[PDB]
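Enquirer: My structure is below; once you've seen it, I'll send some questions.
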Amino acid sequence: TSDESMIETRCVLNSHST
Amino acid sequence: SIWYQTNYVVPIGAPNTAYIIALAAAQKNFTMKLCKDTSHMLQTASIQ
Amino acid sequence: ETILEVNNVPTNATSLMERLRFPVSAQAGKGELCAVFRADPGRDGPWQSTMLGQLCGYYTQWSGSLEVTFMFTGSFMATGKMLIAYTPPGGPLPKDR
Amino acid sequence: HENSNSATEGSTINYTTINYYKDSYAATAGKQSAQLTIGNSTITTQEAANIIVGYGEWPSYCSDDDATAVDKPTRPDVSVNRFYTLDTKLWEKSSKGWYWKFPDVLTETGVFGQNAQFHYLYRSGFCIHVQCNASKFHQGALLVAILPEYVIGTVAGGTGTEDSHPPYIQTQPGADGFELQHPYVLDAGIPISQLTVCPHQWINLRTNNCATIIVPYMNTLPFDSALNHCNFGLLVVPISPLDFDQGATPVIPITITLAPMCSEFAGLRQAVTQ
Amino acid sequence: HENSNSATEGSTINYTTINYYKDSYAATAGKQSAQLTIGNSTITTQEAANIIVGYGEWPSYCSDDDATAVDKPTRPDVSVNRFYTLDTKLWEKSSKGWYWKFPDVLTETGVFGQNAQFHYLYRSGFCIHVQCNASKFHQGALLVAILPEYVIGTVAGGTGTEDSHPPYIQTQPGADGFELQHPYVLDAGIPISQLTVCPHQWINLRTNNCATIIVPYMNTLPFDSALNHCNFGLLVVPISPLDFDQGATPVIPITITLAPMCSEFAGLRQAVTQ
């Protein structure tokens, strides 16, 4: 499942490390 | 918060009470950082 | 997706399996409150039953979207609509639907 | 030789007319030649058999050819364009029917209600999700319909001599809505049998539990007051009555879920409720 | 061989460091190598001698590299991005100084106040017009200054032993603002003599009657709560006292006119005032 399957979504250029 | 949007509508012969199993997870954008000791399980009895 | 213990009321050992599911029942047709939980995975509460929440115990900081899958386990003949509302952090417990 | 000033000048239809004056209006009549998401909100439309687009027109924003107000309108686009759930109406066996006036239902709710109150001008279409869950052993049909410029009439004292006009709780009942005292004439002297020429959807309980009518902004004007003028009335009426056997769920709610679509607000001033 | 995880990784500055571990943060410090209109509102800035842009940075919208919240933020763009005039403060001969917290001044005013209340997240810069009309025979100077994260301190009981914290009427005084009880230490233990390292403008009454400081959004975070967190405090303080002869206008008001610039609101929920 996704988040713009859910809400209106903005572009978040996500550099969060795993 | 969970709200009855219409109602739990049931016919005759089917149970008037049902149950929701909530299955929580994280999306693919999920991350964690600052790896720490856990507080969600504390040992109390010493492991013999 | 691991089972979120939204029904974390019955601490009784014979009733611990009642924590994994919660009772949608026939109501008076208002916007009645069914269930409430904080959306914090690492918090002491309903999310500690999850693998996400227990792995959130081992990390200080978390980021990213969470999924909660609600599985209706009533009859095929049982029907009805739920409003499942995530409130952003500023809002208190909503008094109404 | 002639002012292009008939009523059909801006239309896309060619007219062969006879005129003898410099005004085109002086001429003859002549002859021609499934998860729906908006905002932070999501509904379900798996059992509706389609989504009704009102008059085949999607709720666009105001065309720059079509607007008159020179102030830049605000388009909050997520905070007001989102599904708004009203309080439920209980469909009963004796339910005559209800109506909801638009955007009077939503002038007191959300940022849409604040944008309606703070701005003189308002323009939006509407995604109207009318949902009514009932079992496979319940029965009944709802005409969920969008009557534009739903002017309420009175009983005129019953006899017809009194020139009554409906009160503000009846012309603009808010998010709660008002019942139909006489659903056959729609409290307006016009038959509900002909209500399906308006954008309509059936909630036939055996077929579908929800109705999703998507309404454009319908007015003679590009914008209007959200407080005074109600652009349309949503009518949810039990044409076929609700029936079930004793033991089935007697409480059959009709929940009204509303998305203002492409909301546009101009003429910012203080917050005015009416 | 190394995680790129020092605190200066995202910066534009090259560092020659020594490291022996796979973490870049483990490394050495090393060494390196006039009518202004917004919304439906207009001010006048003929007598200000320039407009101060806070830290040389225009209040842009949130960069997509810089944002974290995945919900689409609303940008009302006219209805909230507009000059908001607060109630006047009367500059007197004994005026110690006042402060205004941001956007706490505007969380109860306009559609900006509703967007601040309805959304958890808020981001805006600010065009702050501080105006003070006085004649050519009046005198005095105001340090109009923008102190970011203006944490108010108390008198600590006066002696210093009591661990007082300022009340909510003092930390967030709303559109009225709060006077400086001790303008020399700015009610924060920090000297007002050094307040001009912050974005500042002088209202020297012989030179200029108005100050226009344009403040960007300054936070460690791309968005924040408009209700809890105040991003900055505007300080309007009489460094040089107001003086005039008897017969000249004794009532010298300081009007605070505020434009939220590029306001961005995310996390829509119910309207929360605090």
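In the structure tokens, each chain is lettered A, B, ... as it comes, each chain's residues begin at 1, and ligands are numbered from 1 in order of appearance.
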Leaving out residue 13 (chain B) and any residue of its chain fewer than 6 positions from it, which residues lie within 12 Å of it when counting only C-alpha atoms, given as a list in words?

Expert: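 Non-adjacent residues within range: residues 75, 76, 77 and 78 of chain C; 135, 137, 245, 246, 247, 248 and 249 of chain D.
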
Enquirer: With N, CA and C atoms kept, could you save the residues just selected as a short mmCIF file (atom, residue, chain, number, x, y, z; two decimals), in the first residue's frame?

Expert:
data_model
loop_
_atom_site.label_atom_id
_atom_site.label_comp_id
_atom_site.auth_asym_id
_atom_site.auth_seq_id
_atom_site.Cartn_x
_atom_site.Cartn_y
_atom_site.Cartn_z
N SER C 75 -19.06 -11.53 9.90
CA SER C 75 -19.60 -12.41 8.89
C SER C 75 -19.55 -11.73 7.53
N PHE C 76 -19.67 -12.55 6.49
CA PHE C 76 -19.85 -12.05 5.13
C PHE C 76 -21.12 -11.22 5.02
N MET C 77 -22.14 -11.58 5.77
CA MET C 77 -23.40 -10.85 5.80
C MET C 77 -23.32 -9.58 6.63
N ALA C 78 -22.33 -9.47 7.51
CA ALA C 78 -22.13 -8.24 8.26
C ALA C 78 -21.60 -7.16 7.34
N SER D 135 -27.71 -4.80 4.92
CA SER D 135 -27.37 -6.18 4.64
C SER D 135 -28.04 -6.64 3.35
N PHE D 137 -30.27 -8.78 3.32
CA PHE D 137 -31.64 -9.06 3.70
C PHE D 137 -32.44 -7.79 3.97
N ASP D 245 -36.84 -7.78 8.06
CA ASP D 245 -37.56 -8.52 9.08
C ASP D 245 -36.98 -8.19 10.45
N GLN D 246 -37.80 -8.41 11.48
CA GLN D 246 -37.40 -8.13 12.85
C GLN D 246 -36.29 -9.08 13.28
N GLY D 247 -35.15 -8.52 13.64
CA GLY D 247 -33.96 -9.31 13.92
C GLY D 247 -32.79 -8.78 13.13
N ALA D 248 -33.07 -8.29 11.93
CA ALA D 248 -32.07 -7.55 11.17
C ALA D 248 -31.89 -6.17 11.80
N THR D 249 -30.78 -5.52 11.44
CA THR D 249 -30.38 -4.24 12.01
C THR D 249 -31.40 -3.16 11.69
#

Enquirer: Tell me as a ChimeraX atom specification which residues belonging to chain E come within 6 Å of chain A, counting only C-alpha atoms.

Expert: /E:64-65,70-72

Enquirer: Kindly save the residues from that selection, with N, CA and C atoms included, as an mmCIF file, in the first residue's frame.

Expert:
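Listed below is the output, result-v8.cif:
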data_model
loop_
_atom_site.group_PDB
_atom_site.id
_atom_site.type_symbol
_atom_site.label_atom_id
_atom_site.label_comp_id
_atom_site.auth_asym_id
_atom_site.auth_seq_id
_atom_site.Cartn_x
_atom_site.Cartn_y
_atom_site.Cartn_z
ATOM 1 N N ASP E 64 11.819 20.694 -1.272
ATOM 2 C CA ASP E 64 11.478 19.278 -1.237
ATOM 3 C C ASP E 64 12.624 18.420 -0.720
ATOM 4 N N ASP E 65 13.871 18.872 -0.882
ATOM 5 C CA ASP E 65 14.992 18.239 -0.194
ATOM 6 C C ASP E 65 14.912 18.464 1.309
ATOM 7 N N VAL E 70 5.151 13.989 4.667
ATOM 8 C CA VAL E 70 4.746 13.482 3.360
ATOM 9 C C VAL E 70 3.386 13.992 2.920
ATOM 10 N N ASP E 71 2.611 14.597 3.815
ATOM 11 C CA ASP E 71 1.329 15.145 3.402
ATOM 12 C C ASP E 71 1.533 16.423 2.599
ATOM 13 N N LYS E 72 0.657 16.625 1.628
ATOM 14 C CA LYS E 72 0.744 17.790 0.762
ATOM 15 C C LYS E 72 0.374 19.038 1.550
#

Enquirer: Compute the chain D side of the contact with chain E at 12 Å, counting only C-alpha atoms, and hand it back as number ranges by chain.

Expert: D: 38-41, 70-82, 84, 108-120, 263-272

Enquirer: Choose the residue, out of B:5, B:45, B:10, B:27, that has the smallest atom-to-atom separation from chain E; count only C-alpha atoms.

Expert: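 Result for the nearest residue to chain E: B:27.
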
Enquirer: If you take only C-alpha atoms and a cut-off of 12 Å, which residues of chain C touch chain A, and what are their nearest atom pairs and distances in Å to one decimal, in chain and number order, as JSON lines?

Expert:
{"residue": "C:1", "atom": "CA", "partner": "A:1", "partner_atom": "CA", "distance": 11.5}
{"residue": "C:59", "atom": "CA", "partner": "A:18", "partner_atom": "CA", "distance": 12.0}
{"residue": "C:61", "atom": "CA", "partner": "A:16", "partner_atom": "CA", "distance": 11.4}
{"residue": "C:62", "atom": "CA", "partner": "A:16", "partner_atom": "CA", "distance": 9.9}
{"residue": "C:63", "atom": "CA", "partner": "A:16", "partner_atom": "CA", "distance": 8.0}
{"residue": "C:64", "atom": "CA", "partner": "A:16", "partner_atom": "CA", "distance": 8.9}
{"residue": "C:65", "atom": "CA", "partner": "A:3", "partner_atom": "CA", "distance": 7.9}
{"residue": "C:66", "atom": "CA", "partner": "A:3", "partner_atom": "CA", "distance": 9.5}
{"residue": "C:67", "atom": "CA", "partner": "A:1", "partner_atom": "CA", "distance": 8.1}
{"residue": "C:68", "atom": "CA", "partner": "A:1", "partner_atom": "CA", "distance": 10.5}
{"residue": "C:69", "atom": "CA", "partner": "A:1", "partner_atom": "CA", "distance": 9.9}
{"residue": "C:84", "atom": "CA", "partner": "A:6", "partner_atom": "CA", "distance": 12.0}
{"residue": "C:85", "atom": "CA", "partner": "A:6", "partner_atom": "CA", "distance": 11.8}
{"residue": "C:86", "atom": "CA", "partner": "A:7", "partner_atom": "CA", "distance": 11.2}

Enquirer: Go ahead and write the selection's residues with N, CA and C atoms as a compact mmCIF listing (two decimals), in the first residue's frame.

Expert:
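Below you can see part.txt, which holds the result:
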# COMPACT_ATOMS: atom_id res chain seq x y z
N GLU C 1 3.19 -6.53 8.68
CA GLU C 1 2.04 -6.21 9.50
C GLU C 1 1.89 -7.22 10.61
N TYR C 59 15.45 1.39 19.02
CA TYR C 59 15.95 2.57 18.34
C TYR C 59 15.34 3.79 19.00
N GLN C 61 15.04 7.04 17.49
CA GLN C 61 14.36 7.93 16.58
C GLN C 61 13.84 7.14 15.40
N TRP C 62 12.61 7.44 15.00
CA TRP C 62 11.98 6.82 13.86
C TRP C 62 11.43 7.90 12.95
N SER C 63 11.37 7.59 11.67
CA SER C 63 10.80 8.47 10.66
C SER C 63 10.07 7.59 9.67
N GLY C 64 9.10 8.17 8.98
CA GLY C 64 8.45 7.44 7.91
C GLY C 64 7.00 7.13 8.23
N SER C 65 6.26 6.80 7.18
CA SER C 65 4.84 6.53 7.31
C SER C 65 4.60 5.16 7.92
N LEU C 66 3.51 5.06 8.68
CA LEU C 66 3.08 3.81 9.27
C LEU C 66 1.82 3.32 8.59
N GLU C 67 1.68 2.01 8.47
CA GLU C 67 0.45 1.40 8.00
C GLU C 67 -0.20 0.69 9.18
N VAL C 68 -1.50 0.88 9.35
CA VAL C 68 -2.30 0.01 10.21
C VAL C 68 -3.36 -0.62 9.34
N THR C 69 -3.29 -1.94 9.19
CA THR C 69 -4.30 -2.68 8.46
C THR C 69 -5.38 -3.12 9.44
N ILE C 84 -11.99 5.65 10.04
CA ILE C 84 -10.73 5.48 10.75
C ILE C 84 -9.93 6.75 10.53
N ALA C 85 -9.81 7.55 11.58
CA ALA C 85 -9.24 8.88 11.47
C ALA C 85 -7.90 8.94 12.16
N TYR C 86 -6.85 9.20 11.39
CA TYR C 86 -5.58 9.59 11.98
C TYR C 86 -5.60 11.08 12.25
